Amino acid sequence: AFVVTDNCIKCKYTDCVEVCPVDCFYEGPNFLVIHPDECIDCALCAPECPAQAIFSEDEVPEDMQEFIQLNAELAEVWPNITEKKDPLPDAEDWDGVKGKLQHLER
């Protein structure tokens, strides 16, 4: 499974959903998650993220390990997103800020 981590929060470009063959991205107010049972690890979305927030599960940085289980839980409650849309409005002010998890909205 591929995992979305911290830098997506408050950027949410959605470029990643274009390339997904199985549509396994689920949408929250300011973050996207990948559903781990649905992902086929084709790895096509990781190059398409401008925030470089997507990682193969087995390459999630040590300090972002929490995001693996967060993707799994929030995927069960958020709605499927299958079309790109515009980035959040201030997305590049926040691209690259660290510690954005304290800003996640359910």
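In case it trips you up, residue 1 is the first one in the sequence shown, and so on.
Annotation for 80 to 88 versus 5 to 13: the higher mean temperature factor (C-alpha) is found in 80 to 88. Legend: mean Cα B-factor per stretch from the PDB entry, 57 to 65 versus 22 to 30; the higher mean is in 57 to 65. Sort the modelled residues of the chain by CA B factor and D37 lands in the highest third. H103: CA B factor lies in the middle third for its chain, per the PDB record.
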